[PDB]
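Just so you know, the protein sequences line up as chains U, W and L, in that order. Just so it is clear: in the first sequence, position 127 is 127 by our numbering, and no numbers are missing. Here our numbering runs 1000 ahead of the position in the second sequence, where the first position is 1. Here our numbering runs 2000 ahead of the position in the third sequence, where the first position is 1. We put the beta carbon where it would ideally sit given N, CA and C, even for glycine. The structure appears below as structure tokens.
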Amino acid sequence: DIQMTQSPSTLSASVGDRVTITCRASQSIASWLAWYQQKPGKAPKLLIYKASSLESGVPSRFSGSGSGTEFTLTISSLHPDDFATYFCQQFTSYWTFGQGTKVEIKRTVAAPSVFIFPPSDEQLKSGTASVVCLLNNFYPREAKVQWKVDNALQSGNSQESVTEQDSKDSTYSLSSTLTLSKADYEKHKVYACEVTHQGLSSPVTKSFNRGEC
Amino acid sequence: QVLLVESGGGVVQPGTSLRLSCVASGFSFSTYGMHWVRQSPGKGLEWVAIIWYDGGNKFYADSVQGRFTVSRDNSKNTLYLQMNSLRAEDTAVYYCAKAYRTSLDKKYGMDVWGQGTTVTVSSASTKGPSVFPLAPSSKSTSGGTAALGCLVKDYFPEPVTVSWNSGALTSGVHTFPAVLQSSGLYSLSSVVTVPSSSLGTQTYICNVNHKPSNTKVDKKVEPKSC
Amino acid sequence: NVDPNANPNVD
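Quick look at the structure:
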């Protein structure tokens, strides 16, 4: 019944930056606050216990503060190993966690390369059609992917998948999949995805005509 | 060094029972309280249960009360979580964690967690993937590099392994996280960026393996004339 | 009888 909320949900920063994360408890928890670090595929790791005490092996650049309802985690100088998600946890009344704050690498804006693949002849024979739009190596992660079938905006029939931020060049890649029945797909001509991104001065459309691929 | 090894997770149908184990080493297991914690995309980090060092006092989260029971066997250095009446909302990675060392404090958290074991609850049945090529063409190139790939569609459960040219091709490969469709089935795409000049003289085959269905498919990906 | 957040270890 003690709700922990963190802010921001995503924090973009560079190596060497000083970053701060805030955690807020819906009621007072004194100093019974723990800070955890987690990288994708790995368990959470305790960094700070009882608000301000670093655990053994944690570098001195980490520190925490707060007492009552407002808490803060601070990294004096961001290290390449520090990019991860950070959770706070109260341990006075059961154990409840915040929703996490992802510390993400902030690089210069990179426009995506947009590619489109028509459905395979094998799949079309089976009775369905999948059209795939590929946005490769972009930054930031936010991108608008709009499917248009003869310029009619598609809605509720597409799915997205985003990679983790690349450890080397810090870019994201995204794949959108539009699926229709064979009979629906055969009704229309122009299949296209419109991509809106910060690195594109105006939306970029990749398209093809059915039967001309 | 403290080591916690979860086990017992798997893919099961709703309404069933499943029992996770956590084996401890590198510290005196019989002298510490132990926790069960789970994590899912929908609910985040959720505390599940705690059990006292001697197996007496047990406390449970409201969301598992009446369905899950926690227990331990100190002679085996093992912590247990018996789950009953599993629902889809119980799907998560379940971690085991050791309570913080004794001090003068009156409140206690946790310090070390295990690696985690995955429990997937779903009424879907095992199904092999369909593997369709993502043909390179003029609409998947820009500036001398061409994108191609494979669509691994409508399979259950996770995971599938995807290699290229029997593992000989490892550069430029992007294998996207699988998405759980509203059907209960998963789908993913694996792409690779190659030189445009190579498409005429280099063969590209994606190799997909789905162990739950003993499925393995080799799909040659050929360019399209557009 | 106990606080669930109390010391769960030997004491």
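Check this for me: beta carbons of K1139/W and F208/U, under 9 Å apart or not?
Their beta carbons are under 9 Å apart, which means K1139/W touches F208/U by this criterion.
Excluding the five sequence neighbours on either side, which residues of its own chain have a C-beta within less than 8 Å of the C-beta of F1132/W, listed in chain order?
Closer than 8 Å at the Cβ level, and outside the excluded window around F1132/W, lie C1150, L1151, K1153, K1219.
Go through its chain and collect everything with a Cβ distance to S28/U's Cβ below 6 Å, but skip five positions before and after it.
Taken in chain order, the residues that qualify are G68, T69.
On a Cα-Cα basis, can you pick out the residue from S1040/W, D1062/W, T1016/W that is closest to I1050/W?
Nearest C-alpha to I1050/W: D1062/W.
Between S1040/W and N1077/W, which are expected to be in contact by the criterion C-beta below 8 Å, what is the C-beta distance as a whole number of angstroms?
28 Å between Cβ atoms; not a contact.
Taking the alpha carbon of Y139/U as the reference point, which residue from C133/U, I105/U, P80/U has its own alpha carbon closest?
When each option's Cα is compared against that of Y139/U, the closest is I105/U.
Could you name each continuous beta strand (DSSP E) segment of 3 residues or more that falls completely within the stretch 1061-1122 of chain W, going from the start of the chain to the end?
Fully enclosed beta strand (DSSP E) runs of 3 or longer: 1068-1073, 1078-1083, 1092-1099, 1110-1113, 1117-1121.
Is there a Cβ of chain L sitting closer than 9 Å to that of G1116/W, yes or no?
So, not an interface residue.
From what residue to what residue does the beta strand (DSSP E) around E104/U run?
Per DSSP, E104/U belongs to the beta strand (DSSP E) from 101-105.
Starting from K206/U, find everything on chain W with Cβ-Cβ shorter than 9 Å and list it in chain order.
Ordered by position in chain W, the residues that pass the 9 Å Cβ test against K206/U are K1139, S1140.
What are the residues in the stretch 86-119 of chain U lying within 7 Å of chain L by C-beta distance?
Going along the stretch 86-119 of chain U in chain order, one finds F91, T92, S93, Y94 with a Cβ nearer than 7 Å to chain L.
Checking contacts by CB at 9 Å: is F1059/W closer than that to chain L?
Yes, because at least one Cβ of chain L sits closer than 9 Å to the Cβ of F1059/W.
With a cut-off of 9 Å, does the C-beta of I1205/W fall near any C-beta of chain L?
Answer no: the Cβ-Cβ gap between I1205/W and chain L never drops below 9 Å.
By the criterion of Cβ-Cβ separation under 9 Å, what are the contact partners of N2005/L in chain U?
Under the 9 Å cutoff, chain U gives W32, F91, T92, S93, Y94, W95.
What does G1044/W touch in chain U if you count any residue whose Cβ is under 9 Å from its own?
Correct list: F87, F97, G98, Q99, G100.
Taking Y36/U as part of the beta strand (DSSP E), name the residues at either end of that continuous run.
Residues 33-38.
Let me make sure I understand the geometry here. Which of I2/U, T10/U, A43/U has the alpha-carbon closest to that of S26/U?
Ranking the options by Cα distance to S26/U, first place goes to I2/U.
Would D1111/W pass as an interface residue toward chain U - the criterion being a Cβ-Cβ separation below 9 Å?
So, interface residue.
Could you have a look at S170/U and say whether DSSP puts it in helix, strand or coil?
DSSP places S170/U in coil when its eight states are reduced to three.
Along chain W, in chain order, which residues have C-beta atoms closer than 9 Å to that of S130/U?
Correct list: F1132, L1151, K1153, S1187.
Given this structure, state the Cα-to-Cα distance separating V1194/W from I116/U, to the nearest angstrom.
Approximately 15 Å between the Cα atoms of the pair.
Have a look at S175/U and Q1202/W and give me their C-alpha separation to the nearest angstrom.
Each residue's alpha carbon lies about 25 Å from the other.
Measuring straight from C-alpha to C-alpha, what distance separates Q6/U and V1179/W?
Distance between the alpha carbons of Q6/U and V1179/W is about 27 Å.
If we count the other Cβ atoms within 10 Å of its Cβ and call it buried at 16 or more, is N2007/L buried or exposed?
By the 10 Å Cβ count, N2007/L comes out buried.
Could you check whether the Cβ of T1078/W sits closer than 9 Å to any Cβ belonging to chain L?
Chain L, which has no Cβ nearer than 9 Å to the Cβ of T1078/W, makes this no.
Express the C-alpha separation of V114/U and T205/U in angstroms, rounding to a whole number.
If you take the alpha carbons of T205/U and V114/U, they lie about 8 Å apart.
With respect to the alpha helix (DSSP H) encompassing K144/U, which residues constitute its N-terminal and C-terminal limits?
Segment 144-149 is the beta strand (DSSP E) holding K144/U; no alpha helix (DSSP H) there.
To the nearest angstrom, how far is the alpha carbon of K45/U from that of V1002/W?
Computed Cα separation, rounded: 13 Å.
Alpha carbons only, please: which of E1006/W, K1127/W, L1018/W, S1017/W is nearest the one belonging to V1037/W?
Closest by alpha carbon: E1006/W.
Just the C-alpha distance for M4/U and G1044/W, rounded to the nearest angstrom, thanks.
Straight-line Cα distance between these residues: approximately 12 Å.
DSSP on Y1053/W, reduced to helix/strand/coil?
The answer is coil: DSSP assigns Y1053/W none of H, G, I, E or B.
I'd like to know if the stretch 1097-1107 of chain W and the stretch 1186-1193 of chain W are in contact, where contact means that at least 3 CB-CB pairs between them fall below 8 Å.
At 8 Å Cβ cutoff, the stretches do not touch.
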